[PDB]
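**Q** opening piece of a complex, kept in its complex position:
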Amino acid sequence: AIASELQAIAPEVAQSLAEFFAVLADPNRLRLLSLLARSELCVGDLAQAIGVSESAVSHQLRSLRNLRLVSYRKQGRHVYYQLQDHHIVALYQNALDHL
């Protein structure tokens, strides 16, 4: 009934959103995000959980940091990574559940 009052997202917004989803179209990134969706973790824990070197994980996390998919905090001699925000958690979980 409200068809006449609806308009699609702007083209530039659709492009920006498409780019966001393209960044997530990476199984390796998703494996890392699946762990962070359940607990804040250091690179050491992430590396052992997946089965790769910490250097490998560190490299993958740099891209994720730059793309604002993950963030980190420092406490003592540890650096804990986590998902950027609750929106990332929600979209990840909803996508997984849809599948």
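**A** Structure's in. What do you need? Residues are numbered from 1 along each chain as shown, chains lettered A, B, ... in the order given.
**Q** tell me where chain A has strands.
**A** For chain A, the strands defined by DSSP state E cover A:70-75, A:78-83.
**Q** out of those, which comes closest to residue A:5?
**A** strand A:78-83 (34.8 Å; CB to CB). C-beta coordinates here come from the backbone N, C-alpha and C atoms, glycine included.
**Q** list the buried ones in the closest one?
**A** By neighbour count with 16 or more other CB atoms under 10 Å, strand A:78-83 contains the buried residues A:80-83.
**Q** let's have the residues you listed in CSV, adding distance to residue A:2.
**A** Below are the buried residues of strand A:78-83 laid out as CSV (distance: CB to CB, whole Å):
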residue, distance to residue A:2
A:80, 45
A:81, 42
A:82, 39
A:83, 34
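**Q** and which of these is nearest to residue A:58?
**A** The nearest member of the buried residues of strand A:78-83 to residue A:58, counting by CB to CB, is residue A:81 at 10.1 Å.
**Q** that closest one - nearest residue in space that isn't next to it in sequence?
**A** Nearest non-adjacent residue to residue A:81, counting by CB to CB, 6 or more residues apart in numbering: residue A:72, 4.8 Å away.
**Q** so who does the one you found touch?
**A** A:65, A:79-82 (CB atoms under 8 Å, 6 or more residues apart in numbering).
**Q** kindly report the same for residue A:45.
**A** Neighbouring residues of residue A:45 by CB under 8 Å, 6+ apart: residue A:35.
**Q** let's add chain B too:
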Amino acid sequence: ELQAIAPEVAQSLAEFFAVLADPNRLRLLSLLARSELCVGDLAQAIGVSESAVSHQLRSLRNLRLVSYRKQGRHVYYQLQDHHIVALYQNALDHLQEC
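**A** Okay, here's chain B dropped in alongside the others:
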């Protein structure tokens, strides 16, 4: 005590996000996220022919991103499930500020 998602699951999820990385598809989903709509409504909304939108919807139906229902003498399309609605809204919100 933590295990990542299975390799096959990560791959399937990656493919799912890959099909969403399409501006034209997202424009259509952005409309359906607000309300179910007939092909006529969608075509006029984005400014293309009904045939064009019908073609695009064909792909979205097979990709399980949209579904449809018969309401009287018309067919209305909708997002496949609420998860699509929620992931779409959360992604857009993320790309925004407060």
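**Q** the contacts of residue A:45 with chain B there, same question as before?
**A** Taking CB atoms under 8 Å, 6 or more residues apart in numbering or on different chains, we find residue A:45 in contact with A:35, B:2.
**Q** could you do residue A:94 as well?
**A** By CB under 8 Å, 6+ apart, the residues touching residue A:94 are B:83-84, B:86-87, B:90.
**Q** swap in residue A:4?
**A** Per CB under 8 Å, 6+ apart, neighbours of residue A:4: none.
**Q** check the one 4 residues further on too.
**A** Residue A:8 is in contact with A:14, B:27-28, B:30-31, B:45-46, counting by CB under 8 Å, 6+ apart.
**Q** nearest residue to it other than its sequence neighbours?
**A** Nearest non-adjacent residue to residue A:8, counting by CB to CB, 6 or more residues apart in numbering or on different chains: residue B:27, 4.3 Å away.
**Q** give me the most central residue, chain A.
**A** By CA atoms, centre = their mean, chain A has its centre lying nearest to residue A:69, at 3.9 Å.
**Q** doesn't residue A:30 make contact with that one?
**A** No: at 10.3 Å, residue A:69 does not count as touching residue A:30 under the criterion of CB atoms under 8 Å.
**Q** so what's in contact with the two at the same time?
**A** Joint contacts of residue A:69 and residue A:30 (CB under 8 Å, 6+ apart) are residue A:24.
**Q** pull the contacting residues for residue A:92.
**A** Applying CB under 8 Å, 6+ apart, we find residue A:92 in contact with A:30, A:33-34, A:37, A:83.
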